[PDB]
Amino acid sequence: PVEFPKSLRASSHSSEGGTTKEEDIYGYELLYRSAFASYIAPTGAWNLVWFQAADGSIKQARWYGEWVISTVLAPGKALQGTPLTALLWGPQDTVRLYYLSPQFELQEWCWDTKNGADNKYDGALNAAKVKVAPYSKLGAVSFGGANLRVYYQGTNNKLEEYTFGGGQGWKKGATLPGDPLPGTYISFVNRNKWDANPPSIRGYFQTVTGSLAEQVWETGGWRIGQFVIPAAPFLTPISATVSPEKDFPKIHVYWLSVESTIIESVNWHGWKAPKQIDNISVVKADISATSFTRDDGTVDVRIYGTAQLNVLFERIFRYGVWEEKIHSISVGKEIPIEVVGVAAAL
Amino acid sequence: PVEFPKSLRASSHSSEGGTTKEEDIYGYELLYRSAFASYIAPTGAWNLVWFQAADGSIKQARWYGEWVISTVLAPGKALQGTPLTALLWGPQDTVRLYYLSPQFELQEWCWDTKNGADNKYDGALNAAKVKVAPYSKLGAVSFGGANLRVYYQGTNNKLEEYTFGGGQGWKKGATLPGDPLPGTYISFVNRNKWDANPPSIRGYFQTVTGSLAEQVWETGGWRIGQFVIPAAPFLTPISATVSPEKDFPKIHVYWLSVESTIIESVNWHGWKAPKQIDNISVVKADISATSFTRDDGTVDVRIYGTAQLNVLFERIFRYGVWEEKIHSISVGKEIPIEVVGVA
Ligand SMILES: O[C@H]1[C@H](O)[C@@H](O)OC[C@H]1O
Ligand SMILES: O[C@H]1[C@H](O)[C@H](O)OC[C@H]1O
Ligand SMILES: O[C@H]1[C@H](O)[C@H](O)OC[C@H]1O
């Protein structure tokens, strides 16, 4: 079997007090510790998840009653281990996926479906040849329709913005405040509606001290926000999502504990205390959260990431509860492996 | 600060019972979880270590009285996250480094220093365009001088051999027995001397059950060996090294425990029980062991890998003990970060 820390739970079917003996799945055509991007439709009708396959291609899992896997970028387009982040607007017919080339330049994949179209193409951002720090992660927001903002880490480790819109093409934007950890995970959200202008932008990242910190844009410019987590694991995955709950933006910020369990902080008429959403240890690797508002004003959340041993998980927050069933989305060939909980080195 | 599990030690200056509060180093120009290859001179006179920088270039740390960093492969030559494995013979004037291209093909870097030359070049293995499983690791041995064997994981997840020597050029070699875990770390050694022929080859890998297993080549072909670890962490790093002690090959096999501490098993007139060499948790990432036989007859070992938070460590086994203060080799810019143990 494979050994796993006895005090940790590897899966939903682990013993209550940790892992004893169980079977878990190795999906070996998913890149180990793949990046993830995701977007659930604002109606909740369908879901998009993007990830990197073992061969380096970028693939898409689409849910509409069932999951369907497709390939959107061939091997060689993306850095092996590329970060990923996605945009969706129109309200829900125009999709963008940002990634890095093998030369560490910003790249953009476009999917346009307005008026019944089905057009996938390389975006204009590719031509700007924007070199980023090789360990940079990526975030992005959209507002006022097709005003786009891409967030990345520059070679001097500051967070940086690239902008699109108003007939200007892609242009360098702001340098953001703060002292980001080199290689920090980053996640940016827009609290205002997709067609509204100005936006209300929040970004979450890890600082050089290990704390989690918040970027804020409102009219008047960028500043460091009030969200402060004084200590977090080194290079902890971070993902945030926002959707209005009872007409007020509800931010969910997720990161990993030292046990690699998922911690959630909610902003909704103030920040609430961080809370572990379940006690199952995921693989310490990129996660991706997305959310939408139901007709009744309540907010659903989905989180995607890597579960033991290497499977694409889906966690579901629906009608006010985290569902106990944690789904897995098969993306290729798999082998089952016995896992045993072990308390010491030998 | 950054949080670290309280029951684990992040460094040799951690508290005895785990991490409480300490300062550790982030070398951010080292690729996080870089692969490592290494070779110490058979005389012990100097050391070579290869690793991947954050920008994807392959760099070399050479110890000759002091550590000196250089670049051997420009950015763009190697897969981001490439495995690495090295050969040294002549006894010590001919170096080969194997890696993967961004298209998952076997590649070879060559460094020839015979007669005071300084020739660095791409090797002929590149022309074979050997496509491997994208998560393949790499091993290699040399014997009889320039007879070379490169080991990798084929697209069907079997371990495979490519061969060089006898004026034949690079040719496909054996398909090895066993059922390897997709993406397993692998490490191959030659128990016989670099100029001897035939070789006595051993390889170490992880199976689809999670066990660790051993490949054996003697005259007659490949067989699965007696080295069996029934359970190990998923995709545990593995590295082995061999050098003679009292005129008998002493194999050291290293892998990581469930606490990411380094476990050692020695073969020297039989296998000895696995032993934790120290109780400091490294980053669960590639390690590289190398060894030489000192002129006094004892066997020195060096292990390289990633220590908290992201530094290139050197662990030293010398005169029969592991030195307790574990130092790092700087490869670029660094930042110190406070680490706190959390339960
Ligand atoms: O595990 C053993 C092996 O079975 C034998 O053949 O040679 C010495 C060790 O490598
Ligand atoms: O980069 C552009 C892209 O070419 C697309 O046409 O729409 C707006 C931006 O995403
Ligand atoms: O691949 C060859 C290389 O081109 C050089 O001729 O030395 C022997 C082998 O490493």
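Each reported figure results from applying straightforward, stated rules to the coordinates on display, with no laboratory input. Note that each Cβ is placed from the backbone with ideal geometry, even for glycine, and that neighbours are counted across all protein chains shown.
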- Message: Return the residues of segment B:307-343 that are more than 19 Å from residue B:50 (Cα to Cα), surrounded by fewer than 18 Cβ atoms within 10 Å (Cβ to Cβ) and more than 14 Å from chain A (Cβ to nearest Cβ); say none if nothing qualifies.
- Response: B:318, B:319, B:320, B:321, B:322, B:323, B:324, B:325
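Taking the conditions exactly as written (under 23 Å from residue B:203 (Cα atoms), more than 14 Å from chain A (Cβ to nearest Cβ) and among the small types (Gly, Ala, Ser)), does residue B:65 satisfy them or not? Outline the logic, then answer.
Values: under 23 Å from residue B:203 (Cα atoms): no; more than 14 Å from chain A (Cβ to nearest Cβ): yes; among the small types (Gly, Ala, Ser): yes.
Against the criterion (under 23 Å from residue B:203 (Cα atoms), more than 14 Å from chain A (Cβ to nearest Cβ) and among the small types (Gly, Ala, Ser)), residue B:65 does not qualify.
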- Message: Condition first: under 28 Å from residue B:3 (Cα atoms) and of a type in the set (S, T, N, Q). Can you find one or more residues in segment B:237-246 that meet it?
- Response: no
- Task: Could you run through segment B:119-162 and say how many residues are closer than 25 Å to residue B:74 by Cα, charged (D, E, K, R) and within 14 Å of chain A (Cβ to nearest Cβ)?
- Result: 2
- Note on the structure: Of the residues in segment A:90-125, those that are within 11 Å of ligand 2 (Cβ to nearest atom), among the aromatic types (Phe, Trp, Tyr) and within 21 Å of the chain's Cα centre (by Cα) come to A:98, A:109, A:111
- Only one of B:268, B:255, B:222 is within 16 Å of ligand 1 (Cβ to nearest atom) and crowded, with 21+ Cβ neighbours inside 10 Å; which? B:255
- Note on the structure: Quick count over segment B:34-58, residues being within 14 Å of chain A (Cβ to nearest Cβ), surrounded by fewer than 22 Cβ atoms within 10 Å (Cβ to Cβ) and out of contact with any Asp or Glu (no Cβ under 7 Å at 6 or more places or on another chain), is 2
- Query: (1) small (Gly, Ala, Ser); (2) farther than 25 Å from residue A:34 by Cα; (3) touching a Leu at 6+ places or on another chain (Cβ under 6 Å): which one isn't true of residue B:127, the others all being true?
  - Reply: (3)
- Sole miss for residue B:90 among (1) surrounded by fewer than 22 Cβ atoms within 10 Å (Cβ to Cβ); (2) within 14 Å of ligand 3 (Cβ to nearest atom); (3) under 26 Å from residue B:76 (Cβ atoms) is condition (3)
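Quick check: is even one residue across segment B:163-174 assigned to a loop (DSSP other than H, G, I, E, B), within 14 Å of another protein chain (Cβ to nearest Cβ) and either buried (at least 20 other Cβ atoms within 10 Å of the Cβ) or within 16 Å of ligand 2 (Cβ to nearest atom) (or both)? Let's see the steps before the verdict.
Looking only at segment B:163-174, we keep the residues that are assigned to a loop (DSSP other than H, G, I, E, B), and these are B:165-170.
Checking which are within 14 Å of another protein chain (Cβ to nearest Cβ) leaves us with none.
For segment B:163-174, residues assigned to a loop (DSSP other than H, G, I, E, B), within 14 Å of another protein chain (Cβ to nearest Cβ) and either buried (at least 20 other Cβ atoms within 10 Å of the Cβ) or within 16 Å of ligand 2 (Cβ to nearest atom) (or both): absent.
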- Selection from segment A:44-62 of residues within 17 Å of residue A:303 (Cα to Cα) and in a loop (DSSP other than H, G, I, E, B) yields A:44, A:45, A:46
- Flagged in segment B:225-252 as within 12 Å of ligand 1 (Cβ to nearest atom), among the β-branched types (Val, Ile, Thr) and either more than 23 Å from residue B:175 (Cα to Cα) or crowded, with 23+ Cβ neighbours inside 10 Å (or both), in numbering order, are B:242, B:251
- Query: How do the pairs read when you match residues in segment A:12-29 that are away from every other protein chain (no Cβ under 13 Å) and under 13 Å from residue A:281 (Cα atoms) with residues anywhere that are aliphatic (A, V, I, L, M) and surrounded by 14 or more Cβ atoms within 10 Å (Cβ to Cβ), using Cβ under 6 Å and keeping only pairs 6 or more apart or on different chains?
  - Reply: A:12/A:326
- Answer with yes or no whether residue A:286 is of a type outside the set (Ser, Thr, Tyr), within 14 Å of chain B (Cβ to nearest Cβ) and under 25 Å from residue B:234 (Cα atoms). yes
